[PDB]
Amino acid sequence: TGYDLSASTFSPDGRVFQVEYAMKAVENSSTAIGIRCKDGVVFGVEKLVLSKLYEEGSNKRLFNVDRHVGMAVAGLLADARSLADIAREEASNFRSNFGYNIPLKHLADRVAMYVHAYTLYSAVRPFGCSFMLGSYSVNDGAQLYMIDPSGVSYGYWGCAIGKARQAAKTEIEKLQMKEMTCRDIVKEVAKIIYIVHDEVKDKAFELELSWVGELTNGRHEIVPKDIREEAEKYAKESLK
Amino acid sequence: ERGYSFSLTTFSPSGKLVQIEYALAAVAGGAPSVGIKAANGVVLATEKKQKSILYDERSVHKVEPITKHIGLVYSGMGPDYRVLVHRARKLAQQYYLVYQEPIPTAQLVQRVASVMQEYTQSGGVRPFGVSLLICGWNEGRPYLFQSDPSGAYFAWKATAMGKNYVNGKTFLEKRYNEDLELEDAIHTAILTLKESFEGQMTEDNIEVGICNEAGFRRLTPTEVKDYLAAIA
Amino acid sequence: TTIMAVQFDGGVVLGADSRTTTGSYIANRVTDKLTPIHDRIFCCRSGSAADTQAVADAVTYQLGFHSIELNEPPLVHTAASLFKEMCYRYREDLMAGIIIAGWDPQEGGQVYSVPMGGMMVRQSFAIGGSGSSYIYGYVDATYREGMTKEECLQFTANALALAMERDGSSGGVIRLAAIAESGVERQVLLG
Amino acid sequence: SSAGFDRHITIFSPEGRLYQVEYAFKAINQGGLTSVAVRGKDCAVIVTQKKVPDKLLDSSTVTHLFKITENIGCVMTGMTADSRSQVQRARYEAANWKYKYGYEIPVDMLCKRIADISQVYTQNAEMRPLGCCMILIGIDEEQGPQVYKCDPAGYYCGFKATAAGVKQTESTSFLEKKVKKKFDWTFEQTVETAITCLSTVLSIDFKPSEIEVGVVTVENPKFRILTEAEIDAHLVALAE
Amino acid sequence: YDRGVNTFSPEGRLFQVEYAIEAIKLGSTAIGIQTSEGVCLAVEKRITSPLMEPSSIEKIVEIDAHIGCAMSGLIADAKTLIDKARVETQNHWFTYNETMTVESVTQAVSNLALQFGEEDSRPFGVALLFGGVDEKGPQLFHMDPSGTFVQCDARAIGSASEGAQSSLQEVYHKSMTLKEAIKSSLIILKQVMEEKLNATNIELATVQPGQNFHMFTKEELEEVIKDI
Amino acid sequence: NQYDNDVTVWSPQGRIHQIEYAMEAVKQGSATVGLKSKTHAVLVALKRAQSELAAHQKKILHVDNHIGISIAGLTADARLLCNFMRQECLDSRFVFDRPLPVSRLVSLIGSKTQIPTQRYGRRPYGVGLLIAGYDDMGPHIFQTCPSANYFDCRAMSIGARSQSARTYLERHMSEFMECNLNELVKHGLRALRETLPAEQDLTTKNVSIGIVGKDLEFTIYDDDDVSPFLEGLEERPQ
Amino acid sequence: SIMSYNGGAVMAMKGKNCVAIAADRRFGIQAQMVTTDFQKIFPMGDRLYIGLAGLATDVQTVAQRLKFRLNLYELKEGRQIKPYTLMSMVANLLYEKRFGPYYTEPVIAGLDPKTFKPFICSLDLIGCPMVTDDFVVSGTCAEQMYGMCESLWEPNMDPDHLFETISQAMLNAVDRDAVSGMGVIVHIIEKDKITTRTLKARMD
């Protein structure tokens, strides 16, 4: 506190508050969760409609970095767009220098070191974003990663980013995710969103579900749950 | 980066430079040392005690050679010392690449002090917190110099840097003379380091380097145990 | 100079002469024409001597640094890509005849060919060097799909010795190498 | 006293002190971690615990043992983001030794070059001085095994028994009472004191699955991370 | 705090740009009027000493043979603006064999004023009035240090410009003539300054379609004073 | 108040105030309304006089033959983004020989305005760009903001007292997809007349209407051709 | 060649306690002389000279660049320069223009500043030092100067016979050359004094 202006200064007890201040700016964003089954990764983002003039698919938070890699950002949306273009550019140089797809374990290291560099100098500020990284391969399986604004990056089986970070992972861990298929996961992700405050004190919302795994043959794309609409049909039955 | 480029040092209204006088306080609170110019050699000695019984002694050295006839010690803070040592190594070879001849000890101090000058005037960096003692026997007569973090230098007969230096300054004045031998000079160099040492002095508490005309030589603990073997 | 590479079911088999010449004078009489990069990946070099030694040091620096980060054994196709990125970029400056071969856990034995141009292609067997033009008719009338390891060591020994028959840039001594999942067996053949 | 901007940037205070680096000495202590290194023999042992608070959090992506080269391993304490960026320099400049000079880097030479990078961040301003700590091990031919330790201030030393993290003052006091009768360190005397120091400073007497053990020995100079089965073999071996 | 070099207000504009408008208020007054026959223009010299030479103070300069000018506020910054305004109309003739229009002059002039800071320092303190006869007849324009560029039909800037613009909107109409508008402007001049209006206080500048020559009257102005 | 000085400095509440202040510069400018049908996208702005006899400041400006933009905010940041806008439009004509897709041009703007909202030495761009365009998949209405977020929408109004214009658009957005230009334009300029004080009327000298169509190049009408659009209107219910 | 554009001949010879150096006086373009007072021997401190031969541009250029570096050396250090030290200084100056080289070949002759020990050396156009014990020669007419010095040189010679040997070596060799001549100046130095003499040569 006064000793908290620059990102290159220490507190008298030994922490940087400019990193601490940017972490709870991610806290005010809506909840985006991630989960992986035994043969794929399923994303899911609670996204709220601003007033009415939103045109049903604008400014999405499910990006597409590589052929098999996408993001699940939350926080400052404009800061995540510039950070997503770094990961698009980083995966292109690995293709041009080595001739094959980027491993997700190596991709998250290159991004987190880039986020780390904005937490050291007084000229720039730390980022205000946190996001997810999911991929699938036949020689590596499915992985799911997690990057904070400080730059700590390691793997989970399931996660949540937003207001309800604790309130979502309470009921994620009561799932037998080690053996389910990622078609049964999709109807289970939608009830985790709709339990915790979809439109209670808010106005409206719309669910987005991204999708990667064995059924897509390594491709990353949005779900065909505009087809048959089964996520909302199965989750709205959990009213009682 | 931005390219800020502003120095952190200006004049006082009295006319003194404030940050240079603060850096000498960190020099005076360092490990003590002593250097004596004898009639045939230069003797350097220092105080090397570990904070624990765990610390190895064959890892970090205090007496450090620059050329095969030039050594260099310090009294101040640890990690800032190794910067100007590696700076003085690359600087001393550039004299040898031009002139094909080893550098005299007077000419080396002309340039090392200019390096310590440059961090006092330039932008945003802080001055050193290490004073030095530079020795060597070039062209018959041996030499013993001392450079401060301000950027100046001197030429001593016998001096002492570190803690309790005002006690060692009076003790060297009451013990040194016009000439001694090098073997007599080490005897009065431990007795001035025994003034401010702890309760025990072994082969691994002190560390001594010499300068004969045969070249520069730092001593293994076999000689230093045999030298303090009841000869004071 | 004549270099040779044949893959089989387990891994690959390499082979080369020595005879580093200049003009009509042999400068080096016995020569390691094959160079280790990783524990499972070799390359055999041809062309200018000072050019190929500089490239093989840089690829060993880059690939050796790259596998420690991934904590995985590298791919043979990854190593052949790194020679392509230097030979195609620094063309009109280098004369390199690199052939990359080695075993990989994901794919088994692989043989790649990077000629003086800078292209990259996978082959079943590969020849190269100045003396390789003389055995091009022998190597395709003798090759047969589905060889064992001991047949390929017999295959490349007779194949090199015909290019090493008298031809002035070739001869000397035969250095062979077999790379498989178990280990690397290198031997020197004479008489 | 607080003179000028001594409490904010890297300048001298009165009495020769400087506070922005000795604030980084307890920037390690927010990790909640303790690492112990012991050299006794023709071997060298790292031991460090893991702290897994979540069942959604993975197990393989927690490890602080880092493999620099085949003969040199290290452990990192302090904050996680500054730790992994410090290792990226250590992996990089260990390979520049092999390229420029043609042989394997000594463990003594590498700890110099790492501490010289931490020098300039103390020397130059507006550059944050990397609040983390590194401990090395390795085998030197004709010199035996070595254990080194680097500081954020740029200070290094080599010594036989090492503590780091939070509880140095309790563990180093235990090891001086341990290493005063220089008994026969026989590669299981080394591992047992590496456990019984940490099992009494923390005072846990813990399950076989919360620590890591890095090892190097002059019979197999490769760096080697122990398996959960053989970690349990040494743990029940001291049950007397 | 209170808003240093480059920092937004909690409500509105940059105050460095806002304080640049106030520096024009300590300048000298000037009036420019557009008429369908041509563009007339006037200024007050504010000569202090008799030893101070009168014809060294310029306020009307010649950008080109069909483009006049007027300035107020800081004289030191105005010489930078007039320099490249003469250059980039000359670059346009070099590559197009034609005269640059009066509007597209100040497009290039307003690019350079919106460049203060450290990007590749301070804003300017000078307003300008540009008269000229392009292919669309006679024109009259005005710019400020904020880069806000606009077309005017009759404009007065400088010191006491607020009281000038009040009476100026009454005497203006669309069907003026050039001989009428010149004496209509200097009546406003002697009602806003304090010295006796003679041939040394003020100076005029007229540009016509058929008379692209003579952007500067000199002691024919003595006839206009005695007629009013 | 000490956190309210730079773009770099975070707050103990987690909100950078300098980005929050550049939103306030958008509310200084006048109102402008953009909307679209299935085939036609029309944006209508409102001029403001400087004096009683100066020309009114223009708002709508042509960019490309299929892209036109409106403006609200600083005129310094207006023409600075326009010169970046026109350079990117002709590079795709010179290289790819195709017109730009509208949705990916605006992504270049969010990358453009992101750097001066993070690095010290340049303020954020105080600007309120509304964008209408034609890619291969029909018309679009875009808005930007000085927080470097860009919003796809079917109708939008920004500027001074533009909340009353938004209320008119929400209760008539169901009618916008079917009606053609003879009323789609005067669906839009019925929304501007609630952003006015209740005593004066939208005349011919203070309004601009720009139309880009599926078979129509982007055309700006002002001060002479507004009279075929202002005919056939009712008054305000006073 | 480029070396044969102006001509020249510089000879040094070692005696018992003394050392001598000699050069010609003719300045000229390829076949046309200009003047007979062109200096080719320059003093660099007491009891230590240097001679230059080759292209007349680089003779006047290097002798000013070496004087630029000598005065800065003799002020940072109160001592004078040793003859070994100057040879390392000239070889540094020629090697910096490795591919843009000066067209001259220096000859250094002088005594030790402390003892009486003489020193002679010569360098190539890119800076290869070469010390001898009897004589060094440089210039266009080099092969004629080897024929005179291999037959007339004696090991231990007084300053009387050393002057007479280097006189007959320079006169008989340069008169065989076409582009060199028009006068010969001889410097003979020792511990006590410096003697400069000019010889009566053919002026054709």
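Numbers here mean position along the shown chain, with the first residue as 1.
Just so it is clear, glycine is given a Cβ too, placed from its N, Cα and C backbone atoms.
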Between D:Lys26, D:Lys50, D:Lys67, D:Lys100, the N6-acetyllysine label in Swiss-Prot belongs to D:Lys100
Based on the annotations in Swiss-Prot, which residue of D:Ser35, D:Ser60, D:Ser118, D:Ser203 is described as phosphoserine? D:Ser60
Position flagged as phosphoserine [Swiss-Prot], chosen from D:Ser59, D:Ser85, D:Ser173: D:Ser59
Can you dig through Swiss-Prot and tell me which residue of D:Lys98, D:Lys112, D:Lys178, D:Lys222 is labelled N6-acetyllysine? D:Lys98
Subset of D:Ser1, D:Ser13, D:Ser60, D:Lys98, D:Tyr155 (recorded positions) with C-beta under 8 Å from chain C: D:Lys98
Determine, to the nearest whole angstrom, how far the Cα atom of D:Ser13 (phosphoserine) is from the Cα atom of D:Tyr155 (phosphotyrosine). 20
What DSSP gives for D:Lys98 (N6-acetyllysine), in three states, is helix
Candidate nearest D:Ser1 (O-linked glycosylation site) in space, where candidates are the modified residues D:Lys98, D:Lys100, D:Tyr155 and distance is Cα-Cα: D:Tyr155
Find the shortest Cα-Cα separation between D:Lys100 (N6-acetyllysine) and the modified residues D:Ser59, D:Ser60, D:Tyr155, and name the residue that gives it. D:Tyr155
Hits for chain B proximity (Cβ under 8 Å) within recorded positions D:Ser1, D:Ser13, D:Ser59, D:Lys98, D:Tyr155 read D:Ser13, D:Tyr155
If you run the three-state DSSP split on D:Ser60 (phosphoserine), which class comes out? helix
Which same-chain residues, if any, lie at least 6 apart from D:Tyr155 (phosphotyrosine) yet have Cβ under 8 Å of it: D:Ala115
Based on Cβ atoms within 10 Å, give me the single least packed residue among the recorded positions D:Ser1, D:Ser13. D:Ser1
Cβ neighbour count within 10 Å, max among the modified residues D:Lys98, D:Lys100, goes to D:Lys98
Using a Cβ cut-off under 8 Å and a sequence separation of 6 or more, which residues in the same chain sit near D:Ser59 (phosphoserine)? D:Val52
Rounding to whole Å, the Cα atoms of D:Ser60 (phosphoserine) and D:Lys98 (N6-acetyllysine) are apart by 30
Starting from the Cβ of D:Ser60 (phosphoserine), draw a 10 Å sphere and report how many other Cβ atoms land inside it. 7
